[PDB]
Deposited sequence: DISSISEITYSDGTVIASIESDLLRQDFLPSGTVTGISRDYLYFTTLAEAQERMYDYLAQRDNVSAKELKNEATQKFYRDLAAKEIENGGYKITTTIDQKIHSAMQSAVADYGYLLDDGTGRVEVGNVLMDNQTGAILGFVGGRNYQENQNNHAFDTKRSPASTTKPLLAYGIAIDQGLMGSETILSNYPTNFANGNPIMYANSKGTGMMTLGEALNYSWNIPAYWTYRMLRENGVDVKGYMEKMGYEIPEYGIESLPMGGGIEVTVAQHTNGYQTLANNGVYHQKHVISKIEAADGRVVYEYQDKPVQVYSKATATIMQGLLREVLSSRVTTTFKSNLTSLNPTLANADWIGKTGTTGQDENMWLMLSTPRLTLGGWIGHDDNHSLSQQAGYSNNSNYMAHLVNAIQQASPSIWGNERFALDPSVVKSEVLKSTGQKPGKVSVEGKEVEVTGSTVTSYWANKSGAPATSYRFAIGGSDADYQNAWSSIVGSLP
C-alpha cells in the first residue's frame, strides 16, 4: 500500500478528503508519469500523442494506487495543521460584505523552496477549488518589486533614494494612469512610491527597462513565471500576468533569499517499497538578482509594512504576538483595479508566506479587504504558525550585502550634487543629502536635468522651479 507522508515520515494517508491529500497526490502522479514514460522508453515526441499521454497518466495514477510507494512531502505536520485551524477559526475575518471571500496561502522555506504548509481555501467540504496551487489571478502591485524596481536596481538604473515621477501621465491608449481617484502628484522617492504603491513611478520604471532593452523575461523565467507579452505597460501593476499563490511565493522567496531562487516543491522524494528512489528533488539554485539588489529591496520592503500605508499587518501582529512582530518582517501588498484580487506577500529571512484573497467568480471585494481584513487574517495565520513551531520564522535580520554601493545624494534629485543646465543657465545644485544604496559599481551618477525616472518637460520645469526655489 502506497503512503503519502509529512516531512518527518508521519503518514498523511494511504492511497484523504482535504487539500493536502489531493495536492500532494496530484503532484506525485505527475512525477510518476515522468518516471514511467522514461522507464518505458517513451520519447517526448511519442508523448505528444494524445492517446499515449492519456494512457501514461492513467498508468501513473494506478501505479500509486496499487504499488507500495512512499511519497515524502515537504509538508510540516504541526505547521500545516496549525494553518488549517487558523483558516477554520479565523477565515471569517476575510468576509467583508461582498459575499464569502476565498483565500490561498503558501508557506515556503527561503533556503530550499520547500513548501512547509498551505491553505487551499476556506473549507474543502463546501468548495473544492485549490487557491494555493490551481487558481491563477493577477498578482497586482506585488509585481512591482520583482519586475520593475528590483530589475532596475539590478541593472544599475536606480538606487534606494532614486527619485521617480508621479506627475499625471496617460497609458498608450490615452487613459490616465490612476491610483484610486488620484491622477498623480509630483516627484517622489522610491521608498514613498513603494510604501504607497503609486502606479505612475512603476509605469515609468518599466518603460525605462523597455527603452533600454533589458532582458526582463530572463529574470522572470529564471523564477518560473510565464508571461505571454512583455510589452504590456501595466505589467508592474499586474496587467498581463496571472499566477498561482505557490508560484508567486517563489518570486518573493528569491528576493528574501538574497537573490537566490530555489524551485518551489511539495514532493521531496518518491520511493518504491523496496527503497528504489524513483524521484528525488534536485536543487538548482540560480542567482536571479545580485546580493546587492536583493538586500537593498529587503530594506525597502521592510518599510512597506512598517509604514502601514497599504496594510495594517504590523499593527495586527504587534497586538497578537509582540515578540513575533519584532522579527524582521518585510512584505508588499497588491490590489487589482476593481478590488478583484488582494495580495499580501510576507518574509522573514527564514520563510516566505504568500497570501491571496478574492472571489472564485472574480467579483469585487470591498475597498478595505486587502488593507485590513487579509492583513488581520494573515497576522493570525503567522501567529498560528509560530505557536506550532516556535523558532520557524527566526530572529535573524535582513542586512545590506557588503557589495552594496553607498552614494551621498541630494534629497531633491537622488543624484550627486553638481552643476546642472537649467533654462540655458548652469546652476549649482546644492542642499541636504541622504545615503542612497546602489547595486552597480560606481553608485549614483551626478545630478542631471532629468534627474528622475520618467517625467515630461512640463513636469521637470515644475520640479526644477521648486528645487531652485530652495537654493
Note to self, deposited ranges with zero CA coordinates are 1 to 4, 20 to 37, 494
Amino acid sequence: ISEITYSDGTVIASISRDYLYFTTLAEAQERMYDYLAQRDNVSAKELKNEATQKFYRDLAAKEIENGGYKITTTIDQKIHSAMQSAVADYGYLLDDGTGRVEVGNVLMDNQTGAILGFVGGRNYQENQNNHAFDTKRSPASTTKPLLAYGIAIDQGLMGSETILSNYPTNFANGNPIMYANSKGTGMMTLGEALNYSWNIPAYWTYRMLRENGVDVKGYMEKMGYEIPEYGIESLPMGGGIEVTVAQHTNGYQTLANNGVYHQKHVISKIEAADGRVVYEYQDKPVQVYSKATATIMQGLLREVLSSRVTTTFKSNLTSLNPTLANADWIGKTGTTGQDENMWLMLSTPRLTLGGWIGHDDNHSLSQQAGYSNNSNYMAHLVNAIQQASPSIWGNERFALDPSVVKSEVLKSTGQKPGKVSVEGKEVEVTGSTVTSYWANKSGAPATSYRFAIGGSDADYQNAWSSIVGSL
From here on, numbers count along this sequence of modelled residues.
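Rigid core here is just the name for the largest C-alpha set that superposes within 1.5 Å across the two forms.
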So which moves more in 6 other deposited structures of this protein by CA, 323 to 331 or 171 to 179, given a superposition on the core? 171 to 179
Out of 140 to 148 and 229 to 237, which shows the greater rigid core-aligned C-alpha deviation in 6 other deposited structures of this protein? 229 to 237
If you average the Cα B factors in the entry, which is higher, 176 to 184 or 134 to 142? 176 to 184
Averaging the C-alpha temperature factors as deposited, the higher value of 332 to 340 versus 260 to 268 falls on 332 to 340
In this PDB entry, which of 359, 276, 291, 248 has the top CA B-factor? 276
CA B-factor placement of residue 349, once the chain's modelled residues are sorted into thirds: lowest
Tertile call for residue 202 (CA temperature factor, within chain, third-based) is the middle
Using only modelled residues of the chain, where does the Cα B factor of residue 160 rank: lowest third, middle third or highest third? middle
Binned into thirds over the chain's modelled residues, the C-alpha B-factor of residue 394 lands in the middle
When the modelled residues of the chain are sorted by Cα temperature factor, does residue 166 land in the lowest, middle or highest third? middle
